[PDB]
Structures are given as structure tokens and as C-alpha cells.
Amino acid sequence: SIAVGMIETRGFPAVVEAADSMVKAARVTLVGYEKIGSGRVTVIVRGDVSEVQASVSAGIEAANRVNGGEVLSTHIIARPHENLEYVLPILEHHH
């Protein structure tokens, strides 16, 4: 199935590293970037579930190594419900 994978960091450089490592690690596309305040930012990828699993693992490993990198929360959703797309910005850049 298609899945989305999410890494939320405290800090911008770490979220950029999470995104870069995710898209380089597996066949996924970066589709979202969400800011919710308090320094919390999330990047969202989409692809086949196994690919998303590989990408999220790579992104966590990489973001942890950033100078001042802080990973706050991570999650994968297989088969996200279609209602989510038009309410939550998880798929903003998916076409």
C-alpha cells in the first residue's frame, strides 16, 4: 500500500536533514512540510509502505546526528484515509 511517513523535529536544520535522508534512502517523495510552533516542524513523505519504513528509519538516524538535532516524534500511516488530504497538509506537494 501507499503510506505516509512523518518526522517531527525541534529545529529547522534537523528537519531538512530528515527530509534529505528520507528521499535519498528509498523510493519516496517529499510531500509535506508543516510548522505548528514552539520550534516543532514536520516533514512528510509518501511511497510504498516498505519504502516509507526504510526512509523513516534513515531520516531518524540522520536527524539524530545533526549538531543540535532533536527528533520529537515519528509515525507511519499505511493507507491514509482520503478525508485527511483536504484537511491536513500531509500531501500538499503530491500530484
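One rule holds for the numbers: they count along the sequence shown, beginning at 1.
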When the C-alpha temperature factors are averaged for each of 9 to 17 and 83 to 91, which stretch ends up with the higher value in the entry?
83 to 91
On average, are the C-alpha B-factors higher in 29 to 37 or in 61 to 69?
61 to 69
Comparing against every modelled residue in the chain, figure out the third that the C-alpha B-factor of residue 2 lands in (lowest, middle or highest).
highest
Residue 49 CA temperature factor, ranked by third within the chain
highest
